[PDB]
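Asks: Take this structure first; my questions come after.
Ideal geometry is used to build each Cβ from the backbone, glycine not excepted, and the neighbour counts take in all protein chains shown. Throughout, read-outs are computed from the coordinates displayed, never taken from laboratory work.
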Amino acid sequence: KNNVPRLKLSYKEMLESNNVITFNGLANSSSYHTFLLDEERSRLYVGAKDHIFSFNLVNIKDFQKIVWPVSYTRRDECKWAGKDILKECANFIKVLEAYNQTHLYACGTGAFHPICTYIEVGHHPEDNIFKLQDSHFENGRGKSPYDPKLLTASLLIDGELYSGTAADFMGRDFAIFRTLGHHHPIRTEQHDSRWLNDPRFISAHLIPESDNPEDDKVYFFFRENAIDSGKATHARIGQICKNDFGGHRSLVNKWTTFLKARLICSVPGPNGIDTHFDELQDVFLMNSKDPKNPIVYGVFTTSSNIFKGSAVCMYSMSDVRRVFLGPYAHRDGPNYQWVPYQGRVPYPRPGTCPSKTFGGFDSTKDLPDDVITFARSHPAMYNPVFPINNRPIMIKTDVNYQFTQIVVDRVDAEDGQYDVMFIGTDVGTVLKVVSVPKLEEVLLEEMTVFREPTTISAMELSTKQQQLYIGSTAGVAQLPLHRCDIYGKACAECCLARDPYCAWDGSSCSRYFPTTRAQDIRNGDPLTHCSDXXXXXXXXXXXXXXXXXXXXXXX
Amino acid sequence: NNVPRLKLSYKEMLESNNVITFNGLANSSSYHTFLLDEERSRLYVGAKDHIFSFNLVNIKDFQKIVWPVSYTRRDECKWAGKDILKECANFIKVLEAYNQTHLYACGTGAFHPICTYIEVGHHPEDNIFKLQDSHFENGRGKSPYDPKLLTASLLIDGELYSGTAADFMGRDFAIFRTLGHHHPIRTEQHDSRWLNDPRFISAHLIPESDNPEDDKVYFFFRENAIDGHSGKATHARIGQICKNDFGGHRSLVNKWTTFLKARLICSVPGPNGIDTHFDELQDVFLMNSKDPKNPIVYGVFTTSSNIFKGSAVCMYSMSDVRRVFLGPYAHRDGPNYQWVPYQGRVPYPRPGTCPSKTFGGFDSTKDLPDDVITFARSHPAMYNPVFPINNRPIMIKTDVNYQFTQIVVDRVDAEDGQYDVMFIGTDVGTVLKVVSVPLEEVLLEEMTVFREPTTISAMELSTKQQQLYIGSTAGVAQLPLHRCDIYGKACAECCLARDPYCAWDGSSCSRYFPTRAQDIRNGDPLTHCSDXXXXXXXXXXXXXXXXXXXXXXXXXX
Ligand SMILES: *[C@@H]1O[C@H](CO)[C@@H](O[C@@H]2O[C@H](CO)[C@@H](O[C@@H]3O[C@H](CO)[C@@H](O)[C@H](O[C@H]4O[C@H](CO)[C@@H](O)[C@H](O)[C@@H]4O)[C@@H]3O)[C@H](O)[C@H]2NC(C)=O)[C@H](O)[C@H]1NC(C)=O
Ligand SMILES: *[C@@H]1O[C@H](CO)[C@@H](O[C@@H]2O[C@H](CO)[C@@H](O[C@@H]3O[C@H](CO[C@H]4O[C@H](CO)[C@@H](O)[C@H](O)[C@@H]4O)[C@@H](O)[C@H](O)[C@@H]3O)[C@H](O)[C@H]2NC(C)=O)[C@H](O)[C@H]1NC(C)=O
Ligand SMILES: *[C@@H]1O[C@H](CO)[C@@H](O[C@@H]2O[C@H](CO)[C@@H](O)[C@H](O)[C@H]2NC(C)=O)[C@H](O)[C@H]1NC(C)=O
Ligand SMILES: *[C@@H]1O[C@H](CO)[C@@H](O)[C@H](O)[C@H]1NC(C)=O
Ligand SMILES: [Ca+2]
Ligand SMILES: [Ca+2]
Ligand SMILES: [Ca+2]
Ligand SMILES: [Ca+2]
Ligand SMILES: [Ca+2]
């Protein structure tokens, strides 16, 4: 399930051949981690240390910036709090999502006093404003963490900010929060490992269930510690009802819809001891024709220090729902095994949204007390969620690096459509991989996008611009989703490359458009399609005249 | 985790007289079942349809007993469905000394296990190797029917302890005693609390006191975890029986009452506080100290995963092990309960404790009260696991594509002092020679002992002959424990080699006996010797110059 990359471009190869556009970043900043892509304006907003940037999608070297650090007073408290002056004692932006048609909402580590603000961007004729509207500063507790090292799932829909993070200086009170207008702040329970057990949040997504948008749910993806003998990590998926408002007598201003299930990403072994990849890292939804069933792509890595491994698992939303409808997890006590619950599941079912249609019940505060006391105590489901085909799409263990981030384009090619994964790496590398069905992953290329290795922290994709954007504390990098010239001048090579983007021009290898032209994504032999030492790898060499084959062609 | 200093391919070895090879009889295989007998300097080996008697000086000199099954039996086995070449024969699986003139031998009987005695002389030496015949004893519970299943076996006071499958179907695992003056005794049956589909590895009589009624038999093995819920898992285990355990009065008639088992843990602490485990036990090798009641258990372990191949060597203290077998028993009130350290009243005498004549009076296991028999009927497992000396492996091997299979350890008396030299076999037909320098493992050499890769199944060591003997289905191989010439002609190199066996002669690098100049710690030639693609591999090259630390540089050209 490993591969050898077909092509391998070092940073220098890249920059000389104009693949990368680099932002080395401001010398008084770092942590260019918090991405927000806005196609409407063609801009890539980025939250960093003491700044937010507004990058032009056409070329990130063209940008504006907002300077938004904390006061001297605050720098000083944070210092004497003990914290590291360069890495902790500043305003590290951690949250940056759209708000109304003219504003973003932004939150940052406030040198361990989290804070928020709005940022003016235009509406659609006039919209390259980047004004930092000032002296509101809202409180960032439960929105951004105090610690920059902690990450934070966040999602902002209907002017309300959902966010999973630590609520406290000490960095231990984790929770999913809703804040901002029109309703009392709601969160998960507190000091209750059944709900969340020292978790690390990764992303959150509003996924519609029906055509009625009161049925709408918010899905959080994260990882946490198992409750048992042996310390362990469980990857998790989490469910809230958009329109959940808290309970009447119990669970006042706390979720009642909260349910969570384990994500399993494991490779079946011969002994029937599977190999698990429990450390969730990025998640990326791929939108299908149905907005109620995106295809969840998830990046996972081994828990072990000794063995470095990485994995990519796909997950079906109807698979996930089955799990959230099946048996709840249960014990009669602390000294009991966890067990599928077969008592009476109170009605309406915990997990189900309030509706105006079925049940009658118009709110979460109209709920009976017995559905509230269940789910107070059965937040976890019993069944785990398994990937499509109970296997990873892809495994990477032979090698010394780990996967960090992912995005996926849906390239419309000659044979058909193909899902092209771009995977970031804790060594500053991107893998471009094609899922060609029968699946076969074909590792097209492995590119180095930073002068020096750093972990890639963020990756976003612009189909309009055909570009890929990358984050790290070192800076931001820009990539074309394809440069088809890079393969051969000859036909043979452009066909062999197996690149959904790249078809044979006639004259020389270039972008493929619908409706002359001759690529082969399956199989990829130049013979039946092109009608005419060290190469780039995956070809074996023979001296007789050097040769290269694995179709064949001399050198 | 290391790079081997030297690496000898099979050819290098055979050309330089390191290996003596037995490619084995063409109508045989599975040269797996070793019995070393220093007294009459011979290495007995149980194979497919034969037992061999190899001369320890040179295994090319040998005798053999031909002991296959009848036509009748070949024929049943065939029609039982079994593979004619790999299953339908007498694969010897057990071969231990019996009295001063006899061995006891047992084999897969083409899925009808059988045993026999083998005459060897009184001491003399008279080299008898007579197969005493037509008395064939029943091999059930002694050898398995399946050749692929392994079997711990130990024979002391004319009684054969053995852990294996008792049945054709290969599922009824148990520790057995047979050949008694006493009724046959075994573990319980169909009870995963006791043994849960285990794979036995070796068994050892380890004295507790000076009174040899306190003697215990320790089995080393692995098995499946019991959960309660799913994650399938392997636990490495150590197991305890009382030599003189005879069964219970009313209950556990002719079954062990002394049986207790504990988990062996061999794990590397991780930064997140998720340790990395090596649960698959493979070989075990006791190293005898001045105290025969505390040998140092060396154990070879590998990962359970298919995807990630890893291997590990963990040492274990016998006083560590005993603490565990005296501590809390494992317990549940039911199937849906967590396992829990037992804090009820532990009936007396303690389950696990041997019958003695000294204290209490109680002269047997059948004199035991019924309440100590009903406990231990149900608490055969201990709660605490056993951790290695320093909660770490001695050595880890994960970067590489092979796994460890077998081990032995010599205690080389060197100039600086004593050093424990591990020889480790490999599922690729390779031996690693490793030195534990005090902590630091130094991978002296990595040798290939079979023309083609096969798993090493057996490894035995002869200090008298200074030789190492290896097993596989392909055959048997012989190694000198040292060939000191192999390093440099110069002093520098022989010192650098860090080999307990090898000191600098004066004239040229040779064996060390109690003018010499070795350095095992550190190993720098400067303070000890007062005189391109390098030969070494832990040396770096600045072009061709050569420099390794332990820094020590010298101009290679
Ligand atoms: C597997 O392969 C080998 C063949 O490569 C085979 O070994 C042969 O076995 C037989 C008996 O097992 C040996 O017979 C012996 O031959 C010597 C000559 O040096 C004789 O002294 C003896 O022959 C007599 O054996 C009995 C003596 O008590 C008499 O009853 C009988 O009349 C025999 O004539 C002695 O036994 C033969 O030498 C070996 N040797 C070799 C080098 O092959 C082995 O049996 C095969 N195993 C099987 C089929 O299980
Ligand atoms: C981190 O480093 C940066 C230096 O690399 C700092 O950037 C400076 O930030 C200050 C205030 O935050 C700006 O002050 C402004 O002055 C401009 C003057 O016009 C300038 O316009 C462009 C911007 O498009 C600028 O690049 C030119 O130098 C022009 O002179 C006024 O528009 C405003 O009134 C405002 O006060 C500096 O322009 C800006 N300079 C540079 C070179 O970046 C940043 O403040 C540092 N942050 C810290 C220490 O927290
Ligand atoms: C060692 O054991 C073997 C087998 O038990 C003994 O061999 C037999 O001894 C019996 C009496 O016990 C006699 O009838 C025969 O002389 C032997 N026959 C066979 C087929 O083995 C042997 O005597 C014992 N040797 C000792 C104690 O030195
Ligand atoms: C967007 O929100 C801000 C207040 O946070 C406000 O000043 C601005 O007018 C808003 N725009 C709307 C509601 O269109
Ligand atoms: Ca977002
Ligand atoms: Ca991402
Ligand atoms: Ca053979
Ligand atoms: Ca033995
Ligand atoms: Ca062994």
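Asks: If you plug each phi of region B:473-479 into the Karplus form 6.51 cos²θ - 1.76 cosθ + 1.60 with θ = phi - 60°, what whole-Hz ³J(HN,Hα) values come out, in order, with x for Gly and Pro?
Replies: Working through the residues one at a time gives 6, 6, x, 10, 10, 10, 10 Hz.
Asks: Just grab the label-to-label distance for A:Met286 and A:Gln190, each label 7 Å out from Cα along the Cβ direction, in nm (one decimal).
Replies: Going by the 7 Å Cα→Cβ label model, 4.2 nm.
Asks: Just list whichever of B:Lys78/B:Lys243; A:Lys143/A:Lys231; A:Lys289/A:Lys432 have alpha carbons separated by over 31 Å in the model shown.
Replies: B:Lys78/B:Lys243
Asks: Follow-up. Relative contact order for region B:1-143 using alpha-carbon pairs under 8 Å, separation at least 6, rounded to a whole percent?
Replies: Averaging sequence separation for qualifying contacts and normalising by length gives 16 percent for region B:1-143.
Asks: Explain nothing, just compute: Karplus ³J(HN,Hα) = 6.51 cos²θ - 1.76 cosθ + 1.60, θ = phi - 60°, for every residue of region B:264-278 in order, whole Hz, x for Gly and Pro.
Replies: 8, 10, 10, 9, 9, x, x, x, 6, x, 9, 5, 9, 8, 10
Asks: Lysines near B:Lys489 by alpha-carbon distance under 17 Å, same-chain residues fewer than 8 away left out - which ones?
Replies: Straight-line reach from B:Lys489, under 17 Å: no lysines qualify.
Asks: Moving on. Assuming a ≥ b ≥ c are the square roots of the Cα gyration tensor eigenvalues, decide whether region B:484-531 counts as rounded (a/c under 1.5), prolate (otherwise, with a/b larger than b/c) or oblate.
Replies: Verdict is rounded for region B:484-531.
Asks: Another question, if that's okay. Would you mind pulling out the separation of the Cα centroids of region B:120-174 and region A:480-521, in Å?
Replies: Using only Cα atoms, the two centres lie 69 Å from each other.
Asks: A follow-up question, please. For region B:254-392, what number of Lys pairs, 8 or more residues apart or on separate chains, have alpha-carbon atoms under 21 Å from each other?
Replies: Final tally of qualifying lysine pairs is 4.
Asks: Local charge sum around B:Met459 (other residues, Cβ-Cβ under 14 Å, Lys/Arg +1, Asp/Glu -1)?
Replies: Details: positive: B:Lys433; negative: B:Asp283, B:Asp410, B:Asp427, B:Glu460.
Once positives and negatives cancel, what remains is -3.
Asks: Please compare each pair in A:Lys65/A:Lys94; B:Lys82/B:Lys142; A:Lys217/A:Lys464; B:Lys60/B:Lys130; B:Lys64/B:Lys93 to a cut-off of 22 Å on the Cα-Cα distance and tell me which ones are over it.
Replies: Details: A:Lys65/A:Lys94 16 Å; B:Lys82/B:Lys142 20 Å; A:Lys217/A:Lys464 29 Å; B:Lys60/B:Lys130 20 Å; B:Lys64/B:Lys93 16 Å.
As for pairs spanning more than 22 Å Cα to Cα, those are A:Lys217/A:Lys464.
Asks: Once both labels are modelled 7 Å past Cα along the beta-carbon direction, what's the B:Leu131-A:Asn128 spacing in nm?
Replies: Label-label distance for B:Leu131 and A:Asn128, simple model: 9.5 nm.
Asks: Determine the distance separating the Cα centre of region B:431-476 from the Cα centre of region B:241-260; give it in Å without decimals.
Replies: Centre-to-centre (Cα) distance: 39 Å.
Asks: If you check each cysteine of chain B for another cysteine whose beta-carbon is under 4.7 Å away, which ones come up empty?
Replies: B:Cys495
Asks: Here is a further query. Quick check: pseudo-label points 7 Å beyond the Cα along Cα→Cβ at A:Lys1 and B:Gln466, how many nm apart are they?
Replies: Going from the A:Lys1 label point to the B:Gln466 one covers 5.1 nm.
Asks: Please sort A:64-71, A:268-275, B:258-265 by packing, taking for each peptide the average over its residues of neighbouring beta carbons within 10 angstrom, highest first.
Replies: B:258-265, A:64-71, A:268-275
Asks: Moving on to the next point. Between A:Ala490 and A:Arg522, how high is the FRET efficiency from 1/(1 + (r/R0)^6) when r is the Cβ-Cβ distance and R₀ = 35 Å? Nearest 0.05.
Replies: Calculated value: 0.95.
Asks: Same structure again: Helix-only mean residue ellipticity at 222 nm, the protein assembly as shown, DSSP H runs n ≥ 4 weighted -39,500 (n - 2.57), per residue, nearest 500. What is it?
Replies: Rounded to the nearest 500, the figure is -1500 deg cm²/dmol.
Asks: OK, next. Just need the relative contact order of region A:470-515 here, percent rounded to a whole number, with Cα pairs under 8 Å and 6+ apart.
Replies: Relative contact order for region A:470-515 comes out at 31 percent.
Asks: Identify all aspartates and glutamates with a Cα-Cα distance to B:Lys7 below 14 Å; exclude those on the same chain that are fewer than 8 residues away in sequence.
Replies: Partners found: B:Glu445, B:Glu446.
Asks: Just report the Cα centroid separation between region B:52-81 and region B:191-231, whole Å.
Replies: Taking the Cα centre of region B:191-231 as reference, the centre of region B:52-81 is 31 Å away.
Asks: Give the long-range amide H neighbours of B:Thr187: residues separated by 5 or more places, or on another chain, with amide H under 5 Å away, using H modelled in the peptide plane at 1.01 Å from N.
Replies: B:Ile175, B:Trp256
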